[PDB]
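Report on the structure given below.
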Amino acid sequence: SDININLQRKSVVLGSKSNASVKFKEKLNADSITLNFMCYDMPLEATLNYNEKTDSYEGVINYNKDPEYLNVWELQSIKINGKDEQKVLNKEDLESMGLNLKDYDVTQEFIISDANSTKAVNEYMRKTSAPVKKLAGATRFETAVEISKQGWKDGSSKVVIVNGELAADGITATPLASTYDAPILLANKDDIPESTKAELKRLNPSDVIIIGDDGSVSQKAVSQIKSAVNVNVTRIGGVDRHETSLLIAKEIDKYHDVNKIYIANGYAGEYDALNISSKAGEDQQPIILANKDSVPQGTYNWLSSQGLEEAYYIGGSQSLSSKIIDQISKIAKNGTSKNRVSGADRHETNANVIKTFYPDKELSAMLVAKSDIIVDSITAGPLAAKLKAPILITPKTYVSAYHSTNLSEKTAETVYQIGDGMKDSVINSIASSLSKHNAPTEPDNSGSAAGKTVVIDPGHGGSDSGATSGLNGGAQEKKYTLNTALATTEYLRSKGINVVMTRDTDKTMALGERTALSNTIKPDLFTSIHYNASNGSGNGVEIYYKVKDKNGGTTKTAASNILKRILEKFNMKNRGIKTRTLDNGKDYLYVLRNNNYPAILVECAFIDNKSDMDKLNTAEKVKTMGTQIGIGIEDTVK
Ligand SMILES: [Ca+2]
Ligand SMILES: [Ca+2]
Ligand SMILES: [Cl-]
Ligand SMILES: [Cl-]
Ligand SMILES: [Cl-]
Ligand code: NA
Ligand SMILES: [Zn+2]
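Sequential numbering of the sequence shown, starting at 10, is according to PDB author numbering.
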């Protein structure tokens, strides 16, 4: 077209930055142009400088003005800053050149104050939350259309199409859609629904790129797409997911060099591929799908000739073994095991990718999708890549415990809610944490208007490592209690029980602070999680409970239930439930003696006993230990 205006963000807050690129068919003989916008009577301008590499005017809009009234910035004009002549295109001129100016409107939202119930006012401290933009429709097809309208309101010359019910197949499509700066819309194998047909017409593309062979998206779907818009249809699809990821990588290499790869297990690491999608999309570098010990030969031969600078492995040892790291490390400049990112499950892996690949404490945005489906994260991917923002996944009814630290420490200017189905409670909890640094950890439980509440306490932390041992490559009680406790919290939340963790990260915390927290929360049950030690000798599981219940009571029932559940998955010696007192008759353990609520202390296993530790030598086994403890707790409080 004669003029194309590409704005990075259509939803901002005070202080946001948005990249802008304007391309003119005509050579203007001018080093820069100035865009003028207005919101009611307040002006905002941005100067874009000519970049000969791209034949485009590029720069950044800084939303550093706070409007007294209204909150939508509307483009008014473009001034061409020639040396000898300046020309100004006003609204009428821009409309005469084919632009529809409302396609460039940018909404400036602000942090809202609401809490969960401002029924009158009792104190003065309102809970704040980052503004939420919801992109969703009745089904995955309409949700992909709302995403498309958000980042491509002015249209797109290319559209990527993936089969919407075989979405696992388009899991490596985000980096290519990002390279094209195109949205992904969804098809059925032999048709496209009306929602996709109408958005293809609205975007007015010249080309549709189908990912998948005719078995995924057939010629019958191709005809319905061309009936909607008579585009050129390109198809990229191999014999299986591994070859298709290779063919996508070769397609990206036609636009710019491929020198970095993010590897995931094709059939066993679908959520690994999904979790690194927004980052691979922002970098416009491919996701290469592999087998557990190697990438296929065809992939290996092409990667060997690419001169890779970096390779990352998304997935644990069971998905990508040391053999594929050895293979790829030999052909990449930086591809050692240090580049592995993994997690006990899809949520921990999502949190570790965000922690590793989005290190900034202030994000421009956070896109939040349900973790039970794959397709919403695939269609959100191109938009997350355009916004240079991560996708967070979590179940519909609770914020995963593995997100606690990232949500507390970081802020995001805008939170996008992808799809319909996530509880208000959950998205609002995430939006509140992301409105401040070092945010407190609390809406994550507030979720239930009523229900049972448990306090989970991972023993030791920070300056106190607790017991240590040389088993399982070196073990520290403070880290095993934290990994066990996160899994217990995750199980309880998935059953609708509110959980407050005394700590959700490595930090120093005194017994008196853990107990004060318990006394403030007034839980149904407080569970401290620890690991035992003696020498290699002691082994087994034991739980301490309050002496006052020695002949019956909530803590004795709690300790019996948890011990039973642990033993259901772990063949360790049953050391029984125990009480222990000081000479004065009171409980020896501070968190039992000083707790006004039911409390127990679980010694999961002896961290210095090889037989016990052999049953806890992978993140998934530690996760099973936490889950059993959570089941025992649910037995007790439900
Ligand atoms: Ca665009
Ligand atoms: Ca190397
Ligand atoms: Cl946006
Ligand atoms: Cl930006
Ligand atoms: Cl005391
Ligand atoms: Na935060
Ligand atoms: Zn301990």
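We put the CB at the ideal spot given by N, CA and C, even for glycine.
Can you tell me the Cα-Cα spacing of residue i and residue j, whole angstroms?
i           : j      : result
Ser65       : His412 : 40 Å
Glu155      : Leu194 : 10 Å
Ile363      : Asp453 : 19 Å
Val463      : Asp381 : 25 Å
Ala230      : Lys405 : 32 Å
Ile12       : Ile120 : 35 Å
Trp161      : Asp644 : 50 Å
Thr253      : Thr524 : 55 Å
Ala410      : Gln426 : 19 Å
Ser157      : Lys32  : 21 Å
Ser546      : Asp178 : 51 Å
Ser620      : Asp190 : 54 Å
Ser286      : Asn60  : 29 Å
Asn310      : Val238 : 38 Å
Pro76       : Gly430 : 34 Å
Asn241      : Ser441 : 45 Å
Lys432      : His446 : 24 Å
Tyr597      : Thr588 : 8 Å
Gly562      : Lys379 : 40 Å
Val248      : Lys370 : 42 Å
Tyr599      : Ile571 : 20 Å
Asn604      : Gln485 : 26 Å
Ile218      : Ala614 : 54 Å
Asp513      : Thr414 : 7 Å
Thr358      : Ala628 : 11 Å
residue 657 : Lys136 : Since the first residue shown for the chain is 10 and the last is 647, residue 657 is missing from the structure and cannot be characterised.
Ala398      : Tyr49  : 30 Å
Quick one: give me the first and last residue of the beta strand (DSSP E) that residue i is part of.
i      : result
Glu54  : 51 to 60
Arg244 : 241 to 245
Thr462 : 462 to 467
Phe579 : Where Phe579 is concerned, there is no enclosing beta strand (DSSP E), given that its DSSP letter is neither H nor E.
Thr308 : No beta strand (DSSP E) holds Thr308; the alpha helix (DSSP H) holding it covers 306 to 313.
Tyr553 : 550 to 553
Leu194 : 193 to 196
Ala129 : Counting along the chain, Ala129 falls outside any beta strand (DSSP E), and DSSP gives it neither H nor E.
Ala448 : From DSSP, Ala448 is part of no beta strand (DSSP E); its letter is neither H nor E.
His539 : 534 to 541
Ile382 : Careful: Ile382 lies outside any beta strand (DSSP E) and carries neither H nor E.
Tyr599 : First-last for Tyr599: 599 to 602, but that is the alpha helix (DSSP H), not the beta strand (DSSP E).
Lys96  : 95 to 98
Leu44  : 39 to 48
Short check: CB of residue i to CB of residue j, under 8 Å?
i      : j      : result
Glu612 : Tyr554 : no
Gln293 : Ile270 : no
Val171 : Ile465 : no
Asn58  : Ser30  : no
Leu416 : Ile439 : yes
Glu54  : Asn80  : no
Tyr489 : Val631 : yes
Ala320 : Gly344 : yes
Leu98  : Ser165 : no
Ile234 : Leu209 : yes
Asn507 : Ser444 : no
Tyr407 : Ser503 : yes
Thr188 : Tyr264 : yes
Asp216 : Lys167 : yes
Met634 : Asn481 : no
Would you grab the beta carbon distance between residue i and residue j for me? Rounded to a whole angstrom, and I think it's under 8 Å.
i      : j      : result
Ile530 : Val509 : 5 Å
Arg574 : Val384 : No, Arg574 and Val384 are not in contact; Cβ-Cβ is about 35 Å, not under 8 Å.
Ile333 : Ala299 : 6 Å
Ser543 : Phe535 : Actually they do not touch by this definition, with Cβ atoms about 26 Å apart.
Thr420 : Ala374 : With 8 Å as the limit, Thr420 and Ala374 do not qualify as a contact, their Cβ atoms being about 11 Å apart.
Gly479 : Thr517 : About 24 Å; that fails the 8 Å criterion.
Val377 : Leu401 : 5 Å
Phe46  : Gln17  : Contact flag wrong, Cβ pair sits at about 15 Å.
What are the start and end residues of the alpha helix (DSSP H) that includes residue i?
i      : result
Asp292 : 279 to 292
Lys488 : 486 to 503
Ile363 : 355 to 366
Does the region 314 to 326 come close enough to the region 267 to 285 that 3 or more CB-CB pairs lie under 8 Å? yes
Under 8 Å: do the region 64 to 79 and the region 14 to 32 share three or more Cβ pairs, one atom per stretch? yes
Per the contact definition of three or more C-beta pairs closer than 8 Å, is the region 190 to 210 in contact with the region 221 to 235? yes
Using a Cβ distance threshold of 8 Å, determine whether the region 299 to 309 contacts the region 350 to 362, with at least three qualifying pairs required. no
For the region 389 to 399 and the region 181 to 190, state whether three or more C-beta atom pairs, one from each stretch, are separated by less than 8 Å. yes
Within the chosen definition, does the region 489 to 500 reach the region 624 to 639 through at least 3 CB pairs nearer than 8 Å? yes
Give a yes or no on contact between the region 548 to 562 and the region 578 to 594, applying the rule of three or more CB pairs nearer than 8 Å. yes
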